[PDB]
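A.B. asks: File name run08.cif; file contents mmCIF, N, CA and C atoms; chains and numbers go by the auth columns; full text below.
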data_my_file
#
loop_
_atom_site.group_PDB
_atom_site.id
_atom_site.type_symbol
_atom_site.label_atom_id
_atom_site.label_comp_id
_atom_site.label_asym_id
_atom_site.label_seq_id
_atom_site.Cartn_x
_atom_site.Cartn_y
_atom_site.Cartn_z
_atom_site.B_iso_or_equiv
_atom_site.auth_seq_id
_atom_site.auth_asym_id
ATOM 1 N N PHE A 1 -19.614 -2.526 16.345 0.00 1 A
ATOM 2 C CA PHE A 1 -18.275 -2.223 15.796 0.00 1 A
ATOM 3 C C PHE A 1 -18.331 -2.192 14.272 0.00 1 A
ATOM 4 N N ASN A 2 -17.620 -1.254 13.636 0.00 2 A
ATOM 5 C CA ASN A 2 -17.342 -1.214 12.189 0.00 2 A
ATOM 6 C C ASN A 2 -16.029 -0.415 11.942 0.00 2 A
ATOM 7 N N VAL A 3 -15.566 -0.326 10.692 0.00 3 A
ATOM 8 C CA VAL A 3 -14.276 0.262 10.251 0.00 3 A
ATOM 9 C C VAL A 3 -14.435 1.024 8.920 0.00 3 A
ATOM 10 N N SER A 4 -13.369 1.648 8.400 0.00 4 A
ATOM 11 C CA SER A 4 -13.400 2.539 7.218 0.00 4 A
ATOM 12 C C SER A 4 -12.194 2.329 6.265 0.00 4 A
ATOM 13 N N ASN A 5 -11.758 1.066 6.146 0.00 5 A
ATOM 14 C CA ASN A 5 -10.619 0.578 5.353 0.00 5 A
ATOM 15 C C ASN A 5 -11.072 -0.494 4.340 0.00 5 A
ATOM 16 N N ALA A 6 -10.286 -0.732 3.278 0.00 6 A
ATOM 17 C CA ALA A 6 -10.573 -1.724 2.224 0.00 6 A
ATOM 18 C C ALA A 6 -10.352 -3.199 2.626 0.00 6 A
ATOM 19 N N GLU A 7 -9.151 -3.493 3.131 0.00 7 A
ATOM 20 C CA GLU A 7 -8.599 -4.829 3.402 0.00 7 A
ATOM 21 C C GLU A 7 -7.262 -4.649 4.145 0.00 7 A
ATOM 22 N N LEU A 8 -6.872 -5.617 4.975 0.00 8 A
ATOM 23 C CA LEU A 8 -5.580 -5.605 5.663 0.00 8 A
ATOM 24 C C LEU A 8 -4.408 -5.952 4.727 0.00 8 A
ATOM 25 N N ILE A 9 -4.667 -6.682 3.630 0.00 9 A
ATOM 26 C CA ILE A 9 -3.680 -7.286 2.713 0.00 9 A
ATOM 27 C C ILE A 9 -2.477 -6.376 2.468 0.00 9 A
ATOM 28 N N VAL A 10 -2.719 -5.167 1.958 0.00 10 A
ATOM 29 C CA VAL A 10 -1.667 -4.200 1.582 0.00 10 A
ATOM 30 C C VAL A 10 -0.938 -3.592 2.779 0.00 10 A
ATOM 31 N N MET A 11 -1.551 -3.564 3.963 0.00 11 A
ATOM 32 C CA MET A 11 -0.921 -3.042 5.185 0.00 11 A
ATOM 33 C C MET A 11 -0.046 -4.103 5.868 0.00 11 A
ATOM 34 N N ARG A 12 -0.481 -5.376 5.850 0.00 12 A
ATOM 35 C CA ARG A 12 0.242 -6.549 6.383 0.00 12 A
ATOM 36 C C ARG A 12 1.604 -6.783 5.719 0.00 12 A
ATOM 37 N N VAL A 13 1.753 -6.505 4.416 0.00 13 A
ATOM 38 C CA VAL A 13 3.050 -6.684 3.717 0.00 13 A
ATOM 39 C C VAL A 13 4.019 -5.515 3.911 0.00 13 A
ATOM 40 N N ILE A 14 3.594 -4.281 3.608 0.00 14 A
ATOM 41 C CA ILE A 14 4.502 -3.123 3.518 0.00 14 A
ATOM 42 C C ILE A 14 5.152 -2.759 4.850 0.00 14 A
ATOM 43 N N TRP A 15 4.393 -2.899 5.938 0.00 15 A
ATOM 44 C CA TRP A 15 4.836 -2.593 7.310 0.00 15 A
ATOM 45 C C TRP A 15 6.165 -3.277 7.661 0.00 15 A
ATOM 46 N N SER A 16 6.369 -4.500 7.163 0.00 16 A
ATOM 47 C CA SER A 16 7.517 -5.342 7.527 0.00 16 A
ATOM 48 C C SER A 16 8.810 -4.966 6.783 0.00 16 A
ATOM 49 N N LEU A 17 8.639 -4.691 5.496 0.00 17 A
ATOM 50 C CA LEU A 17 9.648 -4.503 4.466 0.00 17 A
ATOM 51 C C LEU A 17 10.417 -3.179 4.571 0.00 17 A
ATOM 52 N N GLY A 18 9.715 -2.107 4.956 0.00 18 A
ATOM 53 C CA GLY A 18 10.239 -0.761 5.194 0.00 18 A
ATOM 54 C C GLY A 18 9.677 0.254 4.200 0.00 18 A
ATOM 55 N N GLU A 19 10.177 0.232 2.971 0.00 19 A
ATOM 56 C CA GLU A 19 9.748 1.136 1.902 0.00 19 A
ATOM 57 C C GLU A 19 9.454 0.341 0.632 0.00 19 A
ATOM 58 N N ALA A 20 8.210 0.368 0.145 0.00 20 A
ATOM 59 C CA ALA A 20 7.794 -0.441 -1.004 0.00 20 A
ATOM 60 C C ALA A 20 7.387 0.447 -2.183 0.00 20 A
ATOM 61 N N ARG A 21 7.947 0.180 -3.362 0.00 21 A
ATOM 62 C CA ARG A 21 7.658 0.950 -4.581 0.00 21 A
ATOM 63 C C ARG A 21 6.351 0.469 -5.216 0.00 21 A
ATOM 64 N N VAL A 22 5.784 1.199 -6.176 0.00 22 A
ATOM 65 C CA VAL A 22 4.450 0.883 -6.723 0.00 22 A
ATOM 66 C C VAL A 22 4.330 -0.512 -7.320 0.00 22 A
ATOM 67 N N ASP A 23 5.385 -0.899 -8.003 0.00 23 A
ATOM 68 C CA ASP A 23 5.522 -2.208 -8.603 0.00 23 A
ATOM 69 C C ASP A 23 5.760 -3.312 -7.554 0.00 23 A
ATOM 70 N N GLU A 24 6.312 -2.934 -6.402 0.00 24 A
ATOM 71 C CA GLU A 24 6.613 -3.773 -5.246 0.00 24 A
ATOM 72 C C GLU A 24 5.342 -4.100 -4.450 0.00 24 A
ATOM 73 N N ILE A 25 4.611 -3.063 -4.032 0.00 25 A
ATOM 74 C CA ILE A 25 3.332 -3.204 -3.300 0.00 25 A
ATOM 75 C C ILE A 25 2.324 -4.069 -4.055 0.00 25 A
ATOM 76 N N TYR A 26 2.260 -3.899 -5.379 0.00 26 A
ATOM 77 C CA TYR A 26 1.488 -4.715 -6.291 0.00 26 A
ATOM 78 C C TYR A 26 2.015 -6.140 -6.412 0.00 26 A
ATOM 79 N N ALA A 27 3.334 -6.308 -6.428 0.00 27 A
ATOM 80 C CA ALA A 27 3.948 -7.638 -6.497 0.00 27 A
ATOM 81 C C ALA A 27 3.545 -8.574 -5.339 0.00 27 A
ATOM 82 N N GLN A 28 3.118 -8.035 -4.188 0.00 28 A
ATOM 83 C CA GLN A 28 2.732 -8.850 -3.031 0.00 28 A
ATOM 84 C C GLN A 28 1.282 -9.403 -3.080 0.00 28 A
ATOM 85 N N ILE A 29 0.530 -9.090 -4.142 0.00 29 A
ATOM 86 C CA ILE A 29 -0.923 -9.307 -4.303 0.00 29 A
ATOM 87 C C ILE A 29 -1.255 -10.517 -5.226 0.00 29 A
ATOM 88 N N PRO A 30 -1.547 -11.723 -4.681 0.00 30 A
ATOM 89 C CA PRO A 30 -1.727 -12.962 -5.460 0.00 30 A
ATOM 90 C C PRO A 30 -3.106 -13.135 -6.140 0.00 30 A
ATOM 91 N N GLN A 31 -3.183 -14.076 -7.098 0.00 31 A
ATOM 92 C CA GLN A 31 -4.411 -14.403 -7.855 0.00 31 A
ATOM 93 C C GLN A 31 -5.616 -14.894 -7.032 0.00 31 A
ATOM 94 N N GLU A 32 -5.419 -15.402 -5.806 0.00 32 A
ATOM 95 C CA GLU A 32 -6.480 -15.789 -4.852 0.00 32 A
ATOM 96 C C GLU A 32 -7.497 -14.651 -4.575 0.00 32 A
ATOM 97 N N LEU A 33 -7.053 -13.414 -4.776 0.00 33 A
ATOM 98 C CA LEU A 33 -7.811 -12.178 -4.525 0.00 33 A
ATOM 99 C C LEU A 33 -8.651 -11.704 -5.710 0.00 33 A
ATOM 100 N N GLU A 34 -8.203 -12.013 -6.926 0.00 34 A
ATOM 101 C CA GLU A 34 -8.766 -11.601 -8.223 0.00 34 A
ATOM 102 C C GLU A 34 -8.545 -10.104 -8.584 0.00 34 A
ATOM 103 N N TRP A 35 -7.732 -9.387 -7.807 0.00 35 A
ATOM 104 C CA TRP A 35 -7.447 -7.949 -7.968 0.00 35 A
ATOM 105 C C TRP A 35 -6.570 -7.637 -9.198 0.00 35 A
ATOM 106 N N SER A 36 -6.485 -6.352 -9.569 0.00 36 A
ATOM 107 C CA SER A 36 -5.638 -5.845 -10.660 0.00 36 A
ATOM 108 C C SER A 36 -4.752 -4.690 -10.173 0.00 36 A
ATOM 109 N N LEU A 37 -3.746 -4.261 -10.952 0.00 37 A
ATOM 110 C CA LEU A 37 -2.901 -3.131 -10.631 0.00 37 A
ATOM 111 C C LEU A 37 -3.714 -1.893 -10.280 0.00 37 A
ATOM 112 N N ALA A 38 -4.705 -1.557 -11.108 0.00 38 A
ATOM 113 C CA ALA A 38 -5.570 -0.396 -10.873 0.00 38 A
ATOM 114 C C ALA A 38 -6.201 -0.422 -9.469 0.00 38 A
ATOM 115 N N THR A 39 -6.591 -1.600 -8.956 0.00 39 A
ATOM 116 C CA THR A 39 -7.133 -1.766 -7.608 0.00 39 A
ATOM 117 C C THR A 39 -6.161 -1.314 -6.531 0.00 39 A
ATOM 118 N N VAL A 40 -4.933 -1.837 -6.488 0.00 40 A
ATOM 119 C CA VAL A 40 -4.030 -1.435 -5.394 0.00 40 A
ATOM 120 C C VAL A 40 -3.776 0.066 -5.473 0.00 40 A
ATOM 121 N N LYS A 41 -3.552 0.641 -6.661 0.00 41 A
ATOM 122 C CA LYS A 41 -3.314 2.076 -6.853 0.00 41 A
ATOM 123 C C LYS A 41 -4.410 2.950 -6.226 0.00 41 A
ATOM 124 N N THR A 42 -5.675 2.616 -6.490 0.00 42 A
ATOM 125 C CA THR A 42 -6.839 3.315 -5.874 0.00 42 A
ATOM 126 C C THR A 42 -6.991 3.096 -4.353 0.00 42 A
ATOM 127 N N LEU A 43 -6.548 1.955 -3.823 0.00 43 A
ATOM 128 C CA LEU A 43 -6.573 1.618 -2.412 0.00 43 A
ATOM 129 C C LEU A 43 -5.499 2.418 -1.646 0.00 43 A
ATOM 130 N N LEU A 44 -4.287 2.529 -2.213 0.00 44 A
ATOM 131 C CA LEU A 44 -3.212 3.350 -1.643 0.00 44 A
ATOM 132 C C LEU A 44 -3.681 4.749 -1.351 0.00 44 A
ATOM 133 N N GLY A 45 -4.313 5.338 -2.348 0.00 45 A
ATOM 134 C CA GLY A 45 -4.886 6.684 -2.280 0.00 45 A
ATOM 135 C C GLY A 45 -5.834 6.875 -1.096 0.00 45 A
ATOM 136 N N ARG A 46 -6.471 5.801 -0.624 0.00 46 A
ATOM 137 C CA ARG A 46 -7.287 5.816 0.599 0.00 46 A
ATOM 138 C C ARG A 46 -6.411 5.727 1.840 0.00 46 A
ATOM 139 N N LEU A 47 -5.414 4.829 1.862 0.00 47 A
ATOM 140 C CA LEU A 47 -4.465 4.748 2.997 0.00 47 A
ATOM 141 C C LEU A 47 -3.773 6.079 3.288 0.00 47 A
ATOM 142 N N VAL A 48 -3.253 6.674 2.209 0.00 48 A
ATOM 143 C CA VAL A 48 -2.419 7.892 2.299 0.00 48 A
ATOM 144 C C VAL A 48 -3.221 9.146 2.697 0.00 48 A
ATOM 145 N N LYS A 49 -4.515 9.213 2.360 0.00 49 A
ATOM 146 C CA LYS A 49 -5.472 10.225 2.831 0.00 49 A
ATOM 147 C C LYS A 49 -6.026 10.009 4.238 0.00 49 A
ATOM 148 N N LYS A 50 -5.916 8.785 4.742 0.00 50 A
ATOM 149 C CA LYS A 50 -6.454 8.313 6.040 0.00 50 A
ATOM 150 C C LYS A 50 -5.385 8.142 7.134 0.00 50 A
ATOM 151 N N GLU A 51 -4.258 8.845 7.004 0.00 51 A
ATOM 152 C CA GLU A 51 -3.208 8.931 8.038 0.00 51 A
ATOM 153 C C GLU A 51 -2.544 7.571 8.401 0.00 51 A
ATOM 154 N N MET A 52 -2.674 6.519 7.567 0.00 52 A
ATOM 155 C CA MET A 52 -2.061 5.213 7.816 0.00 52 A
ATOM 156 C C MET A 52 -0.612 5.210 7.321 0.00 52 A
ATOM 157 N N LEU A 53 -0.430 5.570 6.042 0.00 53 A
ATOM 158 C CA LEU A 53 0.843 5.557 5.314 0.00 53 A
ATOM 159 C C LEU A 53 1.097 6.912 4.645 0.00 53 A
ATOM 160 N N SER A 54 2.311 7.081 4.121 0.00 54 A
ATOM 161 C CA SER A 54 2.700 8.205 3.254 0.00 54 A
ATOM 162 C C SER A 54 3.437 7.740 1.994 0.00 54 A
ATOM 163 N N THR A 55 3.718 8.663 1.076 0.00 55 A
ATOM 164 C CA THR A 55 4.323 8.320 -0.217 0.00 55 A
ATOM 165 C C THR A 55 5.195 9.435 -0.802 0.00 55 A
ATOM 166 N N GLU A 56 6.268 9.044 -1.491 0.00 56 A
ATOM 167 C CA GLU A 56 7.316 9.913 -2.056 0.00 56 A
ATOM 168 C C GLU A 56 7.686 9.500 -3.487 0.00 56 A
ATOM 169 N N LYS A 57 8.218 10.428 -4.286 0.00 57 A
ATOM 170 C CA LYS A 57 8.673 10.156 -5.664 0.00 57 A
ATOM 171 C C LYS A 57 10.148 9.765 -5.653 0.00 57 A
ATOM 172 N N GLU A 58 10.452 8.486 -5.860 0.00 58 A
ATOM 173 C CA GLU A 58 11.809 7.924 -5.881 0.00 58 A
ATOM 174 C C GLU A 58 11.954 6.737 -6.850 0.00 58 A
ATOM 175 N N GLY A 59 13.167 6.500 -7.360 0.00 59 A
ATOM 176 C CA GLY A 59 13.457 5.437 -8.338 0.00 59 A
ATOM 177 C C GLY A 59 12.651 5.557 -9.640 0.00 59 A
ATOM 178 N N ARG A 60 12.421 6.793 -10.125 0.00 60 A
ATOM 179 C CA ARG A 60 11.501 7.161 -11.239 0.00 60 A
ATOM 180 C C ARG A 60 10.047 6.639 -11.087 0.00 60 A
ATOM 181 N N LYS A 61 9.711 6.230 -9.866 0.00 61 A
ATOM 182 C CA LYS A 61 8.491 5.578 -9.386 0.00 61 A
ATOM 183 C C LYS A 61 8.030 6.279 -8.103 0.00 61 A
ATOM 184 N N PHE A 62 6.943 5.787 -7.518 0.00 62 A
ATOM 185 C CA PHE A 62 6.575 6.156 -6.151 0.00 62 A
ATOM 186 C C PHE A 62 7.151 5.120 -5.175 0.00 62 A
ATOM 187 N N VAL A 63 7.531 5.577 -3.988 0.00 63 A
ATOM 188 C CA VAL A 63 7.892 4.787 -2.812 0.00 63 A
ATOM 189 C C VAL A 63 6.786 5.057 -1.804 0.00 63 A
ATOM 190 N N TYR A 64 6.094 4.009 -1.390 0.00 64 A
ATOM 191 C CA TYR A 64 5.027 4.043 -0.410 0.00 64 A
ATOM 192 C C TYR A 64 5.600 3.508 0.903 0.00 64 A
ATOM 193 N N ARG A 65 5.554 4.331 1.957 0.00 65 A
ATOM 194 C CA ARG A 65 6.142 3.967 3.261 0.00 65 A
ATOM 195 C C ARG A 65 5.372 4.490 4.477 0.00 65 A
ATOM 196 N N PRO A 66 5.459 3.816 5.638 0.00 66 A
ATOM 197 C CA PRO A 66 4.985 4.374 6.897 0.00 66 A
ATOM 198 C C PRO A 66 5.937 5.489 7.364 0.00 66 A
ATOM 199 N N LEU A 67 5.454 6.321 8.283 0.00 67 A
ATOM 200 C CA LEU A 67 6.126 7.470 8.853 0.00 67 A
ATOM 201 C C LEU A 67 6.009 7.392 10.378 0.00 67 A
ATOM 202 N N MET A 68 7.069 7.800 11.070 0.00 68 A
ATOM 203 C CA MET A 68 7.175 7.846 12.529 0.00 68 A
ATOM 204 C C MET A 68 8.057 9.039 12.919 0.00 68 A
ATOM 205 N N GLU A 69 7.951 9.484 14.173 0.00 69 A
ATOM 206 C CA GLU A 69 8.867 10.459 14.797 0.00 69 A
ATOM 207 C C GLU A 69 10.218 9.815 15.169 0.00 69 A
#
Spell out the structure here as structure tokens.
C.D. replies:
Amino acid sequence: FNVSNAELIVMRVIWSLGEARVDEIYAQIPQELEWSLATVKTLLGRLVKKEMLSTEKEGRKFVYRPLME
């Protein structure tokens, strides 16, 4: 068994909340991880290309959200 994702961290938070903005998705990421803003931004770009999540331009920011029928 193996996989093609970075970490569950960013998927575990946003799924619950509904729609999370760029500053919001980053706000859920604590110092225990040692990550930076640039890290989550580059990780999103993998989620959104890999059919997990989608993203829209709202609140003069991006809104990152899941999609369903």
A.B. asks: Measure the distance from CA of residue 19 in chain A to CA of residue 2 in chain A in Å and round it to one decimal.
C.D. replies: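 About the pair CA of residue 19 in chain A and CA of residue 2 in chain A: they are 29.1 Å apart.
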A.B. asks: Could you go through chain A and tell me which residues DSSP, when run on the backbone, assigns to strand (DSSP E or B), listing them as a PDB file with N, CA and C atoms, in the frame of the given file?
C.D. replies:
ATOM      1  N   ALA A  20       8.210   0.368   0.145  1.00  0.00           N
ATOM      2  CA  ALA A  20       7.794  -0.441  -1.004  1.00  0.00           C
ATOM      3  C   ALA A  20       7.387   0.447  -2.183  1.00  0.00           C
ATOM      4  N   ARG A  21       7.947   0.180  -3.362  1.00  0.00           N
ATOM      5  CA  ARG A  21       7.658   0.950  -4.581  1.00  0.00           C
ATOM      6  C   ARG A  21       6.351   0.469  -5.216  1.00  0.00           C
ATOM      7  N   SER A  54       2.311   7.081   4.121  1.00  0.00           N
ATOM      8  CA  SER A  54       2.700   8.205   3.254  1.00  0.00           C
ATOM      9  C   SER A  54       3.437   7.740   1.994  1.00  0.00           C
ATOM     10  N   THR A  55       3.718   8.663   1.076  1.00  0.00           N
ATOM     11  CA  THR A  55       4.323   8.320  -0.217  1.00  0.00           C
ATOM     12  C   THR A  55       5.195   9.435  -0.802  1.00  0.00           C
ATOM     13  N   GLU A  56       6.268   9.044  -1.491  1.00  0.00           N
ATOM     14  CA  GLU A  56       7.316   9.913  -2.056  1.00  0.00           C
ATOM     15  C   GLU A  56       7.686   9.500  -3.487  1.00  0.00           C
ATOM     16  N   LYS A  57       8.218  10.428  -4.286  1.00  0.00           N
ATOM     17  CA  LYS A  57       8.673  10.156  -5.664  1.00  0.00           C
ATOM     18  C   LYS A  57      10.148   9.765  -5.653  1.00  0.00           C
ATOM     19  N   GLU A  58      10.452   8.486  -5.860  1.00  0.00           N
ATOM     20  CA  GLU A  58      11.809   7.924  -5.881  1.00  0.00           C
ATOM     21  C   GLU A  58      11.954   6.737  -6.850  1.00  0.00           C
ATOM     22  N   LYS A  61       9.711   6.230  -9.866  1.00  0.00           N
ATOM     23  CA  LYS A  61       8.491   5.578  -9.386  1.00  0.00           C
ATOM     24  C   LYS A  61       8.030   6.279  -8.103  1.00  0.00           C
ATOM     25  N   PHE A  62       6.943   5.787  -7.518  1.00  0.00           N
ATOM     26  CA  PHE A  62       6.575   6.156  -6.151  1.00  0.00           C
ATOM     27  C   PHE A  62       7.151   5.120  -5.175  1.00  0.00           C
ATOM     28  N   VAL A  63       7.531   5.577  -3.988  1.00  0.00           N
ATOM     29  CA  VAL A  63       7.892   4.787  -2.812  1.00  0.00           C
ATOM     30  C   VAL A  63       6.786   5.057  -1.804  1.00  0.00           C
ATOM     31  N   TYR A  64       6.094   4.009  -1.390  1.00  0.00           N
ATOM     32  CA  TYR A  64       5.027   4.043  -0.410  1.00  0.00           C
ATOM     33  C   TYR A  64       5.600   3.508   0.903  1.00  0.00           C
ATOM     34  N   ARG A  65       5.554   4.331   1.957  1.00  0.00           N
ATOM     35  CA  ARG A  65       6.142   3.967   3.261  1.00  0.00           C
ATOM     36  C   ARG A  65       5.372   4.490   4.477  1.00  0.00           C
TER      37      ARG A  65
END
A.B. asks: Pick out the closest residue to residue 7 in chain A from this set: A:22, A:63, A:43, A:52. Count only C-alpha atoms.
C.D. replies: A:43
A.B. asks: Select from chain A everything DSSP, run on the backbone, classes as helix (DSSP H, G or I), then give the selection as a VMD selection string.
C.D. replies: chain A and resid 9 to 17 22 to 27 31 to 33 37 to 49
A.B. asks: Show me, as a CSV table (one decimal) with N, CA and C atoms, keeping the file's coordinate frame, the residues that have an atom within 7 Å of residue 20 in chain A when counting only C-alpha atoms, minus same-chain residues fewer than 6 positions from it.
C.D. replies:
chain,number,residue,atom,x,y,z
A,14,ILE,N,3.6,-4.3,3.6
A,14,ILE,CA,4.5,-3.1,3.5
A,14,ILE,C,5.2,-2.8,4.8
A,63,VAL,N,7.5,5.6,-4.0
A,63,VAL,CA,7.9,4.8,-2.8
A,63,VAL,C,6.8,5.1,-1.8
A,64,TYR,N,6.1,4.0,-1.4
A,64,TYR,CA,5.0,4.0,-0.4
A,64,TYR,C,5.6,3.5,0.9
A,65,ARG,N,5.6,4.3,2.0
A,65,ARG,CA,6.1,4.0,3.3
A,65,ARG,C,5.4,4.5,4.5
A.B. asks: If we count only N, CA and C atoms, what is near residue 66 in chain A at a cut-off of 6 Å, once residues fewer than 6 positions away on the same chain are taken out, given as a list in words?
C.D. replies: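 What passes the distance filter is residues 18, 52, 53 and 54 of chain A.
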A.B. asks: Rounded to one decimal place, report the CA of residue 9 in chain A-atom C of residue 45 in chain A distance in Å.
C.D. replies: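 Answer for the CA of residue 9 in chain A to atom C of residue 45 in chain A separation: 14.8 Å.
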A.B. asks: Could you jot down the atom N of residue 59 in chain A to CA of residue 11 in chain A separation for me, Å, one decimal place?
C.D. replies: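 Computing the Euclidean distance for atom N of residue 59 in chain A and CA of residue 11 in chain A yields 21.1 Å.
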A.B. asks: Grab all the atoms of range 43-61 of chain A that the file lists, wrap them in a box along x, y and z, add 8 Å per side, and give me centre plus edge lengths in Å (one decimal) as lines of an AutoDock Vina configuration file.
C.D. replies:
center_x = 3.1
center_y = 6.0
center_z = -1.4
size_x = 36.7
size_y = 24.8
size_z = 35.6
A.B. asks: Using only C-alpha atoms for the distances, tell me which of A:3, A:10, A:60, A:16 is nearest to residue 41 in chain A.
C.D. replies: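 Of all the options, A:10 lies closest to residue 41 in chain A.
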A.B. asks: Generate the missing atoms of range 2-14 of chain A up to N, CA, C and O atoms and report them as a PDB file, in the frame of the given file.
C.D. replies:
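The result, written out as selection_29.pdb:
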ATOM      1  N   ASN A   2     -17.620  -1.254  13.636  1.00  0.00           N
ATOM      2  CA  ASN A   2     -17.342  -1.214  12.189  1.00  0.00           C
ATOM      3  C   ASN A   2     -16.029  -0.415  11.942  1.00  0.00           C
ATOM      4  O   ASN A   2     -15.440   0.105  12.896  1.00  0.00           O
ATOM      5  N   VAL A   3     -15.566  -0.326  10.692  1.00  0.00           N
ATOM      6  CA  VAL A   3     -14.276   0.262  10.251  1.00  0.00           C
ATOM      7  C   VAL A   3     -14.435   1.024   8.920  1.00  0.00           C
ATOM      8  O   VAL A   3     -15.524   1.062   8.354  1.00  0.00           O
ATOM      9  N   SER A   4     -13.369   1.648   8.400  1.00  0.00           N
ATOM     10  CA  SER A   4     -13.400   2.539   7.218  1.00  0.00           C
ATOM     11  C   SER A   4     -12.194   2.329   6.265  1.00  0.00           C
ATOM     12  O   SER A   4     -11.697   3.279   5.646  1.00  0.00           O
ATOM     13  N   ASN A   5     -11.758   1.066   6.146  1.00  0.00           N
ATOM     14  CA  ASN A   5     -10.619   0.578   5.353  1.00  0.00           C
ATOM     15  C   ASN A   5     -11.072  -0.494   4.340  1.00  0.00           C
ATOM     16  O   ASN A   5     -12.107  -1.124   4.533  1.00  0.00           O
ATOM     17  N   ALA A   6     -10.286  -0.732   3.278  1.00  0.00           N
ATOM     18  CA  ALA A   6     -10.573  -1.724   2.224  1.00  0.00           C
ATOM     19  C   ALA A   6     -10.352  -3.199   2.626  1.00  0.00           C
ATOM     20  O   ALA A   6     -11.208  -4.054   2.408  1.00  0.00           O
ATOM     21  N   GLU A   7      -9.151  -3.493   3.131  1.00  0.00           N
ATOM     22  CA  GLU A   7      -8.599  -4.829   3.402  1.00  0.00           C
ATOM     23  C   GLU A   7      -7.262  -4.649   4.145  1.00  0.00           C
ATOM     24  O   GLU A   7      -6.591  -3.626   3.962  1.00  0.00           O
ATOM     25  N   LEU A   8      -6.872  -5.617   4.975  1.00  0.00           N
ATOM     26  CA  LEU A   8      -5.580  -5.605   5.663  1.00  0.00           C
ATOM     27  C   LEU A   8      -4.408  -5.952   4.727  1.00  0.00           C
ATOM     28  O   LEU A   8      -3.278  -5.562   5.019  1.00  0.00           O
ATOM     29  N   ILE A   9      -4.667  -6.682   3.630  1.00  0.00           N
ATOM     30  CA  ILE A   9      -3.680  -7.286   2.713  1.00  0.00           C
ATOM     31  C   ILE A   9      -2.477  -6.376   2.468  1.00  0.00           C
ATOM     32  O   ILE A   9      -1.347  -6.731   2.793  1.00  0.00           O
ATOM     33  N   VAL A  10      -2.719  -5.167   1.958  1.00  0.00           N
ATOM     34  CA  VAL A  10      -1.667  -4.200   1.582  1.00  0.00           C
ATOM     35  C   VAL A  10      -0.938  -3.592   2.779  1.00  0.00           C
ATOM     36  O   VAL A  10       0.197  -3.156   2.633  1.00  0.00           O
ATOM     37  N   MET A  11      -1.551  -3.564   3.963  1.00  0.00           N
ATOM     38  CA  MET A  11      -0.921  -3.042   5.185  1.00  0.00           C
ATOM     39  C   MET A  11      -0.046  -4.103   5.868  1.00  0.00           C
ATOM     40  O   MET A  11       1.045  -3.791   6.347  1.00  0.00           O
ATOM     41  N   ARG A  12      -0.481  -5.376   5.850  1.00  0.00           N
ATOM     42  CA  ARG A  12       0.242  -6.549   6.383  1.00  0.00           C
ATOM     43  C   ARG A  12       1.604  -6.783   5.719  1.00  0.00           C
ATOM     44  O   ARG A  12       2.519  -7.199   6.420  1.00  0.00           O
ATOM     45  N   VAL A  13       1.753  -6.505   4.416  1.00  0.00           N
ATOM     46  CA  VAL A  13       3.050  -6.684   3.717  1.00  0.00           C
ATOM     47  C   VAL A  13       4.019  -5.515   3.911  1.00  0.00           C
ATOM     48  O   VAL A  13       5.144  -5.711   4.371  1.00  0.00           O
ATOM     49  N   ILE A  14       3.594  -4.281   3.608  1.00  0.00           N
ATOM     50  CA  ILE A  14       4.502  -3.123   3.518  1.00  0.00           C
ATOM     51  C   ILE A  14       5.152  -2.759   4.850  1.00  0.00           C
ATOM     52  O   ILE A  14       6.325  -2.388   4.883  1.00  0.00           O
TER      53      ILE A  14
END
